[PDB]
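The chain contents come next:
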Amino acid sequence: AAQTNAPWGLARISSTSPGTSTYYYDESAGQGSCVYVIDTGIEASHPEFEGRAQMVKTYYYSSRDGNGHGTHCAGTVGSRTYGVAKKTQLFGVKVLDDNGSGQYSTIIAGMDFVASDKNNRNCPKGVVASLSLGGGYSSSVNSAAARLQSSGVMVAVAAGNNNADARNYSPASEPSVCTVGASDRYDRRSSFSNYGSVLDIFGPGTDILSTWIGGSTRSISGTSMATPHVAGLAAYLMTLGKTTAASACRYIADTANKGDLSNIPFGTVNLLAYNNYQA
């Protein structure tokens, strides 16, 4: 299948050279898979989701997305125009308040929630969790992301927007989960993207057009935008039988465009998420 004039990030993950404008993907499009977007929520009513998104948990007075951030990320996972896996099922776990803040204890709760709640859902192609969130090093938070991973879910996390080593950030620094740096449309490392040996993969991250609350759309930047690309990819590849939840991050790194990024510091991988689809 081909999506003409797709957002640059979508086009990038389907391409070997930057600058292209079409996103190429198998039509299964993550059908049968499930991506938990753990964030400020998802505007499940947005026509971009087609009734494939639904909120399943909140730790706040409302489960609505009063921010747009979480909606932006779920749009990059599974929205019809903006997502990688366009037939996937999107579950909203709202661990962030409408300012994008959340307490670690709540984040952990949300992760533990997902490990169990996937057993309430029909996801015969497997389960992905997307964590466009983080802060200072916490081993409790890392352990939580590890458990979620070990529990049979593919965990993609943002590397962080500090332009520092992701070593000092969580869940970004948890080895067993897929930790995602951000690049721009020119295959540069995004100016803000964290780096270091704990990164596993880069994804499109600067000027990412995607769904927004109020049924709108907008372009924002961050490793929070790269994460859902790899989350969507994971789910897309699991539907295709090509990998499993436990193997996906390694698969994506095996099959990624290698060496194509600039301003990658020594010690940080130079791998750009890539679906390797051949029509």
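Residues numbered from 1 in each chain as written, not as in the entry; some residues may be left out. Heavy atoms only, no water. Residues with missing side-chain atoms left out of burial classes, pairs and counts.

- For the chain, the name recorded in the PDB entry is Proteinase K, with Parengyodontium album as its organism.
- In the PDB, the entry goes by the title "PanDDA analysis group deposition -- Proteinase K crystal structure Apo7".
- In its Catalytic activity section, UniProt records this for the chain: "Hydrolysis of keratin, and of other proteins with subtilisin-like specificity. Hydrolyzes peptide amides." (UniProt positions renumbered as here; feature names shortened; annotations may be inferred.)

## Topic: the side chain of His-46
Right, so step 1: Relative to the elements of secondary structure, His-46 occurs in the loop between β3 (34–39) and β4 (53–58).
Right, so step 2: For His-46, a relative accessible area of 6% corresponds to the buried category.
Right, so step 3: Setting aside anything within four residues of it in sequence, one finds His-46 in contact with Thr-211, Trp-212, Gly-215, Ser-216 and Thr-217. (Helix = DSSP H or I, 4+ residues; strand = E, 2+ residues; numbered from the N terminus. Buried < 20%, exposed > 50% of the residue type's maximum accessible area, 1.4 Å probe, protein only. Contact = heavy atoms within 4.5 Å.)

## What to know about the state of the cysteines
Right, so step 1: Within this structure, the stated rule accounts for 2 disulfides.
Right, so step 2: Bridging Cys-34 to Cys-123, the disulfide has an S-S length of 2.0 Å. Judged by the torsion about the S-S bond (-90°), the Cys-34/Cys-123 disulfide is left-handed. One end of the pair, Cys-34, is in strand β3; the other, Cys-123, is in the loop between α3 (104–117) and β6 (127–131), with 89 residues separating them in the sequence.
Right, so step 3: You can call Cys-34 buried: its relative accessible area is 1%.
Right, so step 4: With its sulfur 2.1 Å from that of its partner, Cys-178 forms a disulfide with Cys-249. On the S-S bond that ties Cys-178 to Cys-249, the torsion sits near 75°, and the link is right-handed. Taken together, the residues span a long stretch of sequence, with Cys-178 in strand β10 (residues 178–183) and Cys-249 in helix α6 (residues 248–254) at a distance of 71 residues. (Disulfide = S-S within 2.5 Å.)

## Concerning the UniProt feature "active site" in the chain
Right, so step 1: Mapped onto this numbering, the UniProt entry annotates "active site" at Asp-39, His-69 and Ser-224. These residues run over 186 residues, yet every pair of their C-alpha atoms falls within 9.8 Å of each other. Of the annotated residues named above, the ones that line the largest pocket are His-69 and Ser-224.
Right, so step 2: One can find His-69 in helix α2 (residues 69–78).
Right, so step 3: Among the residues examined, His-69 registers a relative accessible area of 16% and is labelled buried.
Right, so step 4: Once residues within four sequence positions are removed from consideration, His-69 is found in contact with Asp-39, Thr-40, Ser-132, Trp-212, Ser-224 and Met-225.
Right, so step 5: With respect to the helices, strands and loops of the structure, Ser-224 is situated in helix α5 (residues 223–239).
Right, so step 6: Given the relative accessible area of 11%, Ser-224 is considered buried. (1 Å grid on protein atoms, 1.4 Å probe; cavity = no way out; pocket = protein on both sides within 12 Å on 5 of 7 lines; lining within 4 Å.)

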